[PDB]
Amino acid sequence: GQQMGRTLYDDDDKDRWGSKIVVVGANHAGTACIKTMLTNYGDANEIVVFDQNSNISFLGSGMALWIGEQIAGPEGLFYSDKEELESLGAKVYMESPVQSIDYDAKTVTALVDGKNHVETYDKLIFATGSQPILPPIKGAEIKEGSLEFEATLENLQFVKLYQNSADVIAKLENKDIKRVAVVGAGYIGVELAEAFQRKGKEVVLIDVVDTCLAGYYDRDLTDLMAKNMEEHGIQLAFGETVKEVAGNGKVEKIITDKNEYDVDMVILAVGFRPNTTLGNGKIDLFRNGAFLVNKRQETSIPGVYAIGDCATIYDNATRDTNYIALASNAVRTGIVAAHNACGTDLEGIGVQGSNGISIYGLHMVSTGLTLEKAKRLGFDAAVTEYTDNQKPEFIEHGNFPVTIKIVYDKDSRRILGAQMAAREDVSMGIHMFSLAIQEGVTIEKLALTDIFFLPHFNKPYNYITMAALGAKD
């Protein structure tokens, strides 16, 4: 598991009011925030929690691992629970949806055991996350009133909760499910494509765009990832807009503008949107509905905070407010918010959208902006790349080539992003680029950065130094 004690920000409460803090949502962001408040300021504040689901902390990435038989079962895909939060001092109401907030009276109303439950608060923290987007596809609809995204058509699956994952695992126990279509080639769909193929199904990955992982890796790497999937039995249907999902009583065929595929199941991995309705317009929202928050995760309403996927985050690569739905950001915004609502002044430092993906032996990582996105967003970006073996050629075993791409602002010279891909795990190296971007390090300064040398680990003239020195523009 993963549980600690007091963080290093924990400030001595001099003369601050003892606040009653209500948290809406106790998943990845909520749990992080709650535990931080309890393990750091304990009894000084009354923590009350509401979550409409029946479970919390389910690791989304566990869905593909489970389906792809990379792990025996669901055990371990949860790292905390109600009992764990109560043992730290929180009062937890599960399966209790908060349905309205009164910012003037400072109360929230939730549905506890079918009955309006009113709870007062001094500080309010929204950790309501997001929910999957239903695309305009004929035949794709959710059963009215469903709270677990259940499609009306049998075998049309959504991605979001543990229930959704178990649903698929169970259905897959049906020998009639031989062909699966995965809609959306972002990292979620890519992993699910591999997962289904690994389970032994026929998979067709469909996306309106011409390649996979378009928002995080440049064409060289996405092409590589696509080739990787193809060489494993996954059929690629890029550049196709899904029109309809048909069948008689269950999924039987998916129709795009360029083809028709016979399939026994369709998975929608098209993205999510923030759950901010409780705001009731009283709170400033980002263009996508996310609660707009400053670096202390505070909303436009004092004493009201938003964290995780229901709120924005500061992107150091673009140097603007942004929206990055990642468990990593959920944990940090939760930690930042916890300290502030408890009276400790703590400014967040922004994020770079660092991410990693591992598909059939191909390991990739990236952080910041790809060259294409940097340009599309108006930066005079350039990229410097290099492909070389990780270790000196004289090393007899465990060597392998690594490709690195360092994107930088030709103008200001600051690093805007980096990408790495290799057949072995070099993911630890992306951390340096995350920090580099956060700190505003230039491609020039980076080139001279002290990168150690040991033949067992790298080359004297390693690919990082070489890529940086090779910068042109």
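The numbering used is simple: start at 1 and walk along the sequence shown.
Worksheet item: If you average the CA temperature factors over each stretch, which comes out higher, 330-338 or 94-102?
Response: That would be 94-102.
Worksheet item: Out of 119-127 and 142-150, which stretch has the higher average CA B-factor listed in the record?
Response: Mean C-alpha B-factor is greater for 142-150.
Item to complete: Name the one of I357, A374, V208, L205 with the greatest CA B-factor according to the PDB entry.
Response: Highest C-alpha B-factor among the listed options: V208.
Worksheet entry | Given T321, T222, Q163, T344, the residue at which the Cα B factor reaches its maximum | Comparing C-alpha B-factors across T321, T222, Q163, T344, the maximum falls on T344.
Fill in: CA B-factor ranking of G30, expressed as a third of its chain
As the PDB entry reports it, the C-alpha B-factor of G30 lands in the lowest third of its chain.
Worksheet item: Ranked by Cα temperature factor within the chain, is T39 in the lowest third, the middle third or the highest third?
Response: Answer is highest: the recorded C-alpha B-factor places it there.
Fill in: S19, C-alpha B-factor rank within chain (lowest, middle or highest third)
Answer is highest: the recorded C-alpha B-factor places it there.
Practice prompt. Divide the modelled residues of the chain into thirds by Cα B-factor and specify which third, lowest, middle or highest, holds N294.
Written response: Middle third of the chain for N294's C-alpha B-factor.
Discussion item. Quick check for you: using the entry's CA B-factors within this chain, is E439 in the lowest, middle or highest third?
Written reply: According to the entry, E439 has a C-alpha B-factor in the chain's lowest third.
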